[PDB]
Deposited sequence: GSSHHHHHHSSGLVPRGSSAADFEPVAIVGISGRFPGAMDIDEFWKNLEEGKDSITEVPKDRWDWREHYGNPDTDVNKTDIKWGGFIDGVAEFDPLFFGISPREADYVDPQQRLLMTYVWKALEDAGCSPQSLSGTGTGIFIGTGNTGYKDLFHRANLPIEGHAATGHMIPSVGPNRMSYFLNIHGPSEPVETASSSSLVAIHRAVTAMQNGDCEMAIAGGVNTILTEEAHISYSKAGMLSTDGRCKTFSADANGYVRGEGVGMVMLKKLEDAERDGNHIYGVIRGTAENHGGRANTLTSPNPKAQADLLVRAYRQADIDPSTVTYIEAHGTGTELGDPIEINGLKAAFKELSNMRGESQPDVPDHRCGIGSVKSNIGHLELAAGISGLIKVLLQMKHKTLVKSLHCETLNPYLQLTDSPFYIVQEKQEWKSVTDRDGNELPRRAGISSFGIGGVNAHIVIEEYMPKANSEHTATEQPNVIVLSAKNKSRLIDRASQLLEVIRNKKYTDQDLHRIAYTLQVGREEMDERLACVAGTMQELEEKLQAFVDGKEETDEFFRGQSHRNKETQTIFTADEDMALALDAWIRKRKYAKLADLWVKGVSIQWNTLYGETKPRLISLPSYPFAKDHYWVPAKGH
């Protein structure tokens, strides 16, 4: 009765990682990305002291910060540069990475127009309005939708994409982004929407949260999330953004989507009465997991990895493990298992509002490369874990993520779980299952010449590091033809090999074969082909006779081509390609 949900597109930026590619690169190398507070945020020395004694002071000087938090391309999203200064980075990073996730999925925006597609994002206030305050800036009308109402974030994207599904901010503290997944998946089951975009955005803009959380005894004086370790003394704060596009497995299998993984079950609850308000409850975390896997209807012995919430607290880490053991014990009862446990927070810190979506993306990447990456700082384990009799073990060293085998001698899809818990007591768990499955015209378009060149370089430098072969050519061509918005500045070339394409892209970037045009400058050429049955026949013949160079020459001028007719009944499967290279223009608090 539960319809499985396919993850057909992902995007994200993390500490020490510009994109998903570098994010995986850092996870494979077991890299630590936590640094000291950059001085463009605030000077830590100016607020340094002892939090237990010194007023308005903190000994926390670390954090996981991203790059280009102030960067935005407002004209792309129909916003003026003047109004862009009032727009919260939470909303700017939202729109930017929702779009990237759409392009990664190969979903043309024009296809989304009018659809009942939902948006659910982990977001909230992070201090942008507080920066306006400090600079003694005049209260303007733009502030209302700019940085006073967090729900405008997803709502603004819904307005931009012309989608009619539920459009909501999700704020359950550190569970927010994973609750968004649950909320989104739930919405697709009762028909509140057909497709969904879920994720989280977390930025660290002032020192206030650092000071308060420090005095609350939440943060590590070492500045590291030493999860599962015996040195666990708190967590380190992190920034980031992550998006996923969700489609029903039926539809994704039917529409030619590429799939990162399948969600077999979701679960959300509250810890009820615990020892304190901010104390995790292992009975509740146990019941949570049980509900998730019963919904998924999978046997626990097949679950081979768990992305823990794992913040690196002396008390919480053992509590989370107890919940896992009790859950899997009870699950076996109502019917040699070995299951790994890790935490990406050891790499990039606690992303809080974007914590859950970070763990999910890490898991998806772990499925892609069939590898269980190292969990950091846990060289010596917490003695209170008690993992010997249990199926569980901490991934202290990077290893292959082997598959297990049915009693019918058949291979099994890898299965993982992701947990995300909030200090308020809101818990969330997700169950992910691994998914088991002559020339063409290559087209590229952008808003201007510079962005087009950026697009080319992206595709160029992604062929150069050998991501694809010549069997992926038509999967690339098709995805670029039907899975990209047709913008004004256009570039087309004919290619049969990755070599040929690389040569021609290299030629365009360098400044020299290939076709080049602007859709708005050829409105006269556009009349002579638009709305005519005899022209339609002629175009139909060009496609049949494979006059690719001539077709490409028309397309760059803004002439519509039915790219579908180049292919048979079964279209090439959509493929992951570099998403839009937005302008890195600085937009911040005005003077």
| property | result |
| --- | --- |
| Deposited-sequence stretches lacking C-alpha coordinates, listed in sequence order | 1-21, 357-364, 467-476, 552-555, 635-637 |
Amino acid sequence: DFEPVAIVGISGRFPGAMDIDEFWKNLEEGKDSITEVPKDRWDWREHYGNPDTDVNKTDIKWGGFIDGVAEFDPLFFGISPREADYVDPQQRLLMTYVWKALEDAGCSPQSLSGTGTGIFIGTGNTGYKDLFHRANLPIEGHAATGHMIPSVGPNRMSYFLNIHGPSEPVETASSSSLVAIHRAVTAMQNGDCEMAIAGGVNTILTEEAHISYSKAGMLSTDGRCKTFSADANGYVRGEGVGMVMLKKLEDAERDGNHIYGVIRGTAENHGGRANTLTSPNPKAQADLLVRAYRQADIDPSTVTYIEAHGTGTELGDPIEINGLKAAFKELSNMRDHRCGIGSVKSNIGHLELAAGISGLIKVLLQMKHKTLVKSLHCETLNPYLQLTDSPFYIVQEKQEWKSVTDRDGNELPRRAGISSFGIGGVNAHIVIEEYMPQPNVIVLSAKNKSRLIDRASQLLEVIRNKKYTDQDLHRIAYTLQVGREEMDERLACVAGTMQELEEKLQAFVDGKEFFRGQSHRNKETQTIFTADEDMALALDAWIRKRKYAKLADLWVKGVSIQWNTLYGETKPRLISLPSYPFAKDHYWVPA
From here on, numbers count along this sequence of modelled residues.
{"property": "458-466 set against 71-79, stretch whose average Cα temperature factor tops the other in the entry", "result": "458-466"}
{"property": "Stretch with the greater mean C-alpha B-factor as recorded in the entry, comparing 97-105 against 222-230", "result": "222-230"}
{"property": "Candidate set 336, 207, 239, 88 [ranked by C-alpha B-factor, highest]", "result": "336"}
{"property": "Out of 538, 549, 559, 55, residue topping the C-alpha B-factor column of the entry", "result": "55"}
{"property": "Entry-reported Cα temperature factor of residue 392, expressed as the chain third it lands in", "result": "highest"}
{"property": "Ranked C-alpha temperature factor of residue 580 among modelled chain residues, by third", "result": "lowest"}
{"property": "Third of chain Cα B-factors occupied by residue 162", "result": "lowest"}
{"property": "For residue 255, the third of its chain into which the C-alpha B factor falls", "result": "middle"}
{"property": "Position of residue 484 among the chain's modelled residues by C-alpha B-factor, lowest, middle or highest third", "result": "lowest"}
